[PDB]
Each structure stands twice: as C-alpha cells, then as structure tokens.
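For reference, the structure is listed below as structure tokens.
Protein chains: 2
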Amino acid sequence: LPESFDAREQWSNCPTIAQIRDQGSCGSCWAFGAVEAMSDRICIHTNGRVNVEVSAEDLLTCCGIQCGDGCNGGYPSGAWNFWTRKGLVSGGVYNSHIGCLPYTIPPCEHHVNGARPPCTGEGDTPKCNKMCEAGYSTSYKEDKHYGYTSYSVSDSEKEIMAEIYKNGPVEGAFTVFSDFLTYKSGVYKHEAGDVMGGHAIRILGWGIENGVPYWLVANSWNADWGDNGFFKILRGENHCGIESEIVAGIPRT
Amino acid sequence: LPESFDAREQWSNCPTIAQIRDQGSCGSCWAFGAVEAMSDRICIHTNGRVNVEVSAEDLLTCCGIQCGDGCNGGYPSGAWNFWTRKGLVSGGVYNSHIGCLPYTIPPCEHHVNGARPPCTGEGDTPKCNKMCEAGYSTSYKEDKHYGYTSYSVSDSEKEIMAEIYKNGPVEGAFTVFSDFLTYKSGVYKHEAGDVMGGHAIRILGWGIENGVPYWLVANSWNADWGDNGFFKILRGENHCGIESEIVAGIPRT
Numbered sequence: 001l002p003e004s005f006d007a008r009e010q011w012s013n014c015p016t017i018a019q020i021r022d023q024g025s026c027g028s029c030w031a032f033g034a035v036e037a038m039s040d041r042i043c044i045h046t047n048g049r050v051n052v053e054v055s056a057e058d059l060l061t062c063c064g065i066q067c068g069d070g071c072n073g074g075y076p077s078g079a080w081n082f083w084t085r086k087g088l089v090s091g092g093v094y095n096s097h098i099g100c101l102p103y104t105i106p107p108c109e110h111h112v113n114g115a116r117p118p119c120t121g122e123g124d125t126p127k128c129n130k131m132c133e134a135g136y137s138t139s140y141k142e143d144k145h146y147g148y149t150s151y152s153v154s155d156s157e158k159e160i161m162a163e164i165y166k167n168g169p170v171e172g173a174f175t176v177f178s179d180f181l182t183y184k185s186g187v188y189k190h191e192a193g194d195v196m197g198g199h200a201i202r203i204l205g206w207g208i209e210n211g212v213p214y215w216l217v218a219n220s221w222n223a224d225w226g227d228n229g230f231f232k233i234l235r236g237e238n239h240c241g242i243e244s245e246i247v248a249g250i251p252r253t
Numbered sequence: 001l002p003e004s005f006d007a008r009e010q011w012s013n014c015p016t017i018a019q020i021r022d023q024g025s026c027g028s029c030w031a032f033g034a035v036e037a038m039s040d041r042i043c044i045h046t047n048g049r050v051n052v053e054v055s056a057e058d059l060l061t062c063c064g065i066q067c068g069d070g071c072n073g074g075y076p077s078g079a080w081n082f083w084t085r086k087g088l089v090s091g092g093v094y095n096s097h098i099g100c101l102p103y104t105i106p107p108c109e110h111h112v113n114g115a116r117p118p119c120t121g122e123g124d125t126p127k128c129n130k131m132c133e134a135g136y137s138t139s140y141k142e143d144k145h146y147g148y149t150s151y152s153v154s155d156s157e158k159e160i161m162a163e164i165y166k167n168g169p170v171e172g173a174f175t176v177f178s179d180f181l182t183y184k185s186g187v188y189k190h191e192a193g194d195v196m197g198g199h200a201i202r203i204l205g206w207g208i209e210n211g212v213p214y215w216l217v218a219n220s221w222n223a224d225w226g227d228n229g230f231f232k233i234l235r236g237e238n239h240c241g242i243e244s245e246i247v248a249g250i251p252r253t
C-alpha cells in the first residue's frame, strides 16, 4: 500500500470527490459524511459513467428513527443501512437546482470570521416529501440510487487503508475538542480545549507531513473553514477515535 | 436463530456472564463493557478451562491514548486492540483481593438512593502501576491474557445476534438520554429526555417483552441501579445507536 493516497487524484474523473458541502445550522454531519462518500463510490463503481451528487436532503429528512434524530444528530451506520434498502435520490447544494432534492438548509460560517450568516445551534429537521423539486425530470422513485451492501470497517490502519484504496472514500467520526474549531492547516493533534462531541466526516486519503502520518479528511463546514474545508488528522494511534467508526458500502449495479 | 437467548443460561458454567460490576466515580464504562465481555469469552472459548475476571484497572490506567482519556471516557475498539497486542492482567472487584490488579475505585450510588456514597463525575485516572497487588501468586507480565482478534460487527440485527449466539456477549454503545437514568423495569424506548452522551455497555442476549423485541444489557452501575444491574432496550431500530457500535474479539488460548 502506497505511502500516501488521494481519492481525487486516483479517481480524477469523479468530481464529487473533491467537492466540499455545507450542512448549515443542522447537525447532519452524519448524513453528509455518508452521502458524500456514496457519491464518490457510485461514480468510482461505474468508471465515471454515473456521476450523481446523492442527496443530503433525502437521507436527512426521509430516513427515520434508524438514522437517529435528524438535525440533533444521527448514526452513520443507519445512513448506509437506509441506502442499501430505501436507497437515495440525487440532490445538489442549496439553490443548485440539480438532481431530485437539493439540500434546503442555507450555508453559514462555522467558527470562522466570514461574510455569510453565523451558524447558530442545530437547525430543526424538515419533513420528508417523497417528491423531487418541481422542474426535475423523473420522479423520486425512479431517481433512487441503491446500495448493494454496507458495513463497519474494523479499527485497523491497514484495513481502513485497503478500503479507501480499493473502494474509494469512507465515512468516519471523532470526538471534537474546542482546539479543533480553529484549525487552519498541517496535521491536527489534540492539545487543549473542552469536549464538544463526535462529528462525522469523509476520509479520502492518507499521507505523511513532516514526520507525521495523517488522514486526509473532508469536513462539511464549507470551504472557508480549515484548509479549504479539508483537514488532516493524526493517523495510527486512534487519535480522538478517528479510527473507531469507519462505515462504508458498495453501490448496486 | 432463537427467538430468545440468554448467555447466562447458555454458558452457565461461566460465572462472569451473570456479574454486575461498579465503575464508580469514573467514566470508564468503555473499559467495563470490554473486560466484562472478555472474561465471558475467555471462559466460553476454553470451554470452561480458563476462568478469570479480566482487570478493569489494567485497561483503564495502562491503555493510554489509543483508548481515550481514561476516566473522562474512551473508545471500545481501542480496548479490544490493546488486549490483542498488550494483553490484560486479572483483577476482580473493589476490595476483592482477587487476581493481579483488582479495581481501585469505590462502588457508589448511580442515579439511585442507597447505602453507598453518591458517585461523582470528578474521577481521576489512577496511574498505570505495572505491579500485581501484594500477595498475588504471579507477576504482572505473567498474568497477562491476550486477544487473538478484535473486530467491529456490522449494523445488522441478524449479524449481531449470531455473533453472541456463536461467540459470547459483546461490547457496544448507545446515546444516553436523561429518561434512561431512572429506568427500573420493562423495555427501554427513548420517549422524553435530554441528551447526556455515549454509554459503553455489554450485550448478552435478546428476547420479546409483550411484542416489543429487546436486547439484554449489562450496565456497569452496580446492581441496585435498574433491574438488578441489567436493562432491556428495544431491538431492530438502531434505537439510540444500540446496533451501531458493536465490538468484540476472540481470546488467544
């Protein structure tokens, strides 16, 4: 296995892999981490032939109790589970107007002095409407994209690495401390600050930066957070349980 | 698979299965759900031959950063990794003087009234003393028992059940609300309640209360909290994440 890896280089024809989104003022990081990596994988699974942004709207509103409690938080493995069964329509970003269900919660500043509104506390969850936005060609039903299988990956570096290399990006989670919130670049290790909680993310590569091994990680706090919305985190010593909740799946053909 | 199951009667030769520990004033439930399930497994796998209380003290204090922040909380999957690599010594309950390193943190009252002092959040992590207590027949390095494997179990009801039924109780986790804290009897469904955090526990069976399918769970809050130390929580609904984070392993024997 190579000394570093990027899903975006390895599968450059797939655009969603370089994309960064915004969950807004809603705790849908469980939903985002999932729908991001599904998009990457549908594309990867099809040599590019299929290129869908899978909807964060669909999963967040329509999943139910299995995924947890919506904008108040949720469970990744419920996400991929719902995907293998009820499956997931496409949906661009806020006012993208692409696919079936574009995401309907606005972008905001996540701990950064920008020009968009302040995010403020987890939004409330919207209802589930089994119908694509008006203008979209096919219906919700016909627009579903299915998972064939989903699974948890074990706490083993080499294993989480083999998975990203062979099947594309995965979903992870980790404890979040205050000192995280103002990350800018380099490799995040924890030193200071209080607990804030788990928070789900999409892992898309690994590498070494000045002696230090890392996971390359996409956050859903838009691109003016961190390193263009991405970040690196210590790899190897379960740092913040980053290696404890890897979940993944294979798209149906 | 059976419609009902109890590891406690499946392997009645295996006493640790029926035992409720007390974690005391320390957030070491991640440690307690693992050594508990590990003991159960060492007993089941050697068919009776080896019977030990695996030490909570050793895990909690000597595992380090791969497991978390000790008494402030940690990560089940880093516990089972530790076992497979560095091993765990024998330790019974507080003032048992059984085994190498018995637990050094006092039993207390956990969201109940009782004869014992109230628990506290304030819980320092005892240091990693790599010495068996005085009297113990065998030295610390000698008394270590090792994991052969550690693995995450996928979010599948039918798959979780079959792991237990074929291999022993498991460790797992769920999101705790405040309505949980005052449970007594019956099957847990989260109705009301506010969010309090994760809780790592040990699952040892399943069944059906009045139509309601549930999982049999050992808490580590002593026996006067709840149903003699155990509780039932609903099944098949990833309810409060119960089917989301299951970890296990096979003893080296």
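Heads up: the sequence lines are chains A and B, in that order.
In terms of the entry's author numbering, the first sequence has 220 at position 220, counting the first letter as 1, and numbering is strictly consecutive.
In terms of the entry's author numbering, the second sequence has 75 at position 75, counting the first letter as 1, and numbering is strictly consecutive.
Backbone N, C-alpha and C fix where the C-beta goes; we use that ideal spot for every residue, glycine too.
For residue i, count the other beta carbons within 10 Å of its own beta carbon; 16 or more makes it buried, fewer makes it exposed. Which is it?
{"i": "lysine 189 of chain B", "result": "exposed"}
{"i": "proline 251 of chain B", "result": "buried"}
{"i": "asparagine 13 of chain B", "result": "exposed"}
{"i": "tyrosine 146 of chain B", "result": "exposed"}
{"i": "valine 52 of chain A", "result": "buried"}
{"i": "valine 195 of chain A", "result": "exposed"}
{"i": "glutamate 142 of chain B", "result": "exposed"}
{"i": "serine 139 of chain A", "result": "exposed"}
{"i": "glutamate 209 of chain B", "result": "exposed"}
{"i": "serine 137 of chain B", "result": "exposed"}
{"i": "residue 267 of chain B", "result": "The first residue shown for chain B is 1 and the last is 253, placing residue 267 of chain B beyond what the model contains."}
{"i": "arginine 21 of chain A", "result": "buried"}
{"i": "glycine 27 of chain A", "result": "buried"}
{"i": "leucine 216 of chain A", "result": "buried"}
{"i": "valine 50 of chain B", "result": "exposed"}
{"i": "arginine 41 of chain B", "result": "buried"}
{"i": "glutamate 122 of chain B", "result": "exposed"}
{"i": "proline 118 of chain B", "result": "exposed"}
{"i": "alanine 192 of chain A", "result": "exposed"}
{"i": "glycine 197 of chain B", "result": "exposed"}
{"i": "residue 282 of chain A", "result": "Here chain A has residues from 1 to 253 only, and residue 282 of chain A is not among them."}
How would you write the range of the beta strand (DSSP E) that residue i sits in, first residue to last?
{"i": "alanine 200 of chain B", "result": "195-209"}
{"i": "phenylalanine 230 of chain B", "result": "230-234"}
{"i": "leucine 216 of chain B", "result": "212-218"}
{"i": "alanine 248 of chain B", "result": "246-251"}
Starting from residue i, trace the alpha helix (DSSP H) both ways and give me its first and last residue.
{"i": "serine 39 of chain B", "result": "29-45"}
{"i": "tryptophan 80 of chain B", "result": "76-86"}
{"i": "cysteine 62 of chain A", "result": "56-62"}
{"i": "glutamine 10 of chain B", "result": "7-10"}
Is residue i near the ligand ZN, judged by its Cβ being under 7 Å from some heavy atom?
{"i": "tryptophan 221 of chain A", "result": "Here there are no bound small molecules, and the ligand ZN is not part of this structure."}
Checklist entry - If you measure beta-carbon to beta-carbon, which residues of the stretch 151-178 of chain A are closer than 9 Å to chain B? => result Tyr151, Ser152, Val153, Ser154, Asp155, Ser156 and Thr175
Checklist entry - Fully enclosed by the stretch 126-204 of chain B, which beta strand (DSSP E) runs are 3 residues long or longer? => result 147-153 and 170-177
Item to check | Residues within the stretch 7-30 of chain B neighbouring chain A, beta-carbon criterion of under 8 Å | outcome: none
Checklist entry - For the stretch 75-90 of chain B, which residues have a CB atom closer than 9 Å to at least one CB atom of chain A, in sequence order? => result So the close ones are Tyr75, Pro76, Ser77, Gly78, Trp80 and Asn81.
Next on the checklist: Under 8 Å, CB to CB, which of the residues in the stretch 52-68 of chain A have a partner in chain B?
Outcome noted: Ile65, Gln66, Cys67 and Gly68
Checklist entry - If you measure beta-carbon to beta-carbon, which residues of the stretch 122-151 of chain A are closer than 8 Å to chain B? => result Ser150 and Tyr151
Checklist entry - What residues in the stretch 219-234 of chain A have a beta carbon less than 8 Å from any beta carbon of chain B? => result Going along the stretch 219-234 of chain A in chain order, one finds no residue with a Cβ nearer than 8 Å to chain B.
Item to check | Meets three-Cβ-pair contact criterion under 8 Å: the stretch 128-143 of chain B and the stretch 223-235 of chain B | outcome: Not touching, per the Cβ criterion.
Checklist entry - Does the count of Cβ pairs from the stretch 90-97 of chain B and the stretch 41-48 of chain B closer than 8 Å reach three? => result no
Checklist entry - Are there three or more Cβ pairs, one per stretch, closer than 8 Å when the stretch 27-35 of chain B is compared with the stretch 1-9 of chain B? => result Fewer than three beta-carbon pairs drawn from the stretch 27-35 of chain B and the stretch 1-9 of chain B are found closer than 8 Å, and the two stretches are therefore not classed as touching.
Next on the checklist: Would the stretch 174-189 of chain A count as touching the stretch 211-227 of chain A if we require 3 or more Cβ pairs under 8 Å?
Outcome noted: yes
Item to check | Stretch-stretch touch, CB-based, cutoff 8 Å, three pairs: the stretch 239-248 of chain A with the stretch 165-181 of chain A | outcome: yes
Checklist entry - Would you say the stretch 98-108 of chain B touches the stretch 79-90 of chain B, given that touching needs at least three Cβ pairs under 8 Å? => result yes
Checklist entry - Any residues in the stretch 241-252 of chain A with a beta carbon nearer than 9 Å to a beta carbon of chain B? Which ones, in chain order? => result From the stretch 241-252 of chain A, only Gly241, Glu243, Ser244, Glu245, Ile246 and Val247 have a Cβ closer than 9 Å to chain B.
Next on the checklist: With three or more C-beta pairs closer than 8 Å as the rule, is the stretch 72-82 of chain B touching the stretch 107-116 of chain B?
Outcome noted: no
Checklist entry - Taking any Cβ of chain B, which residues in the stretch 95-111 of chain A have a Cβ under 7 Å from it, in chain order? => result Answer set for the stretch 95-111 of chain A: empty.
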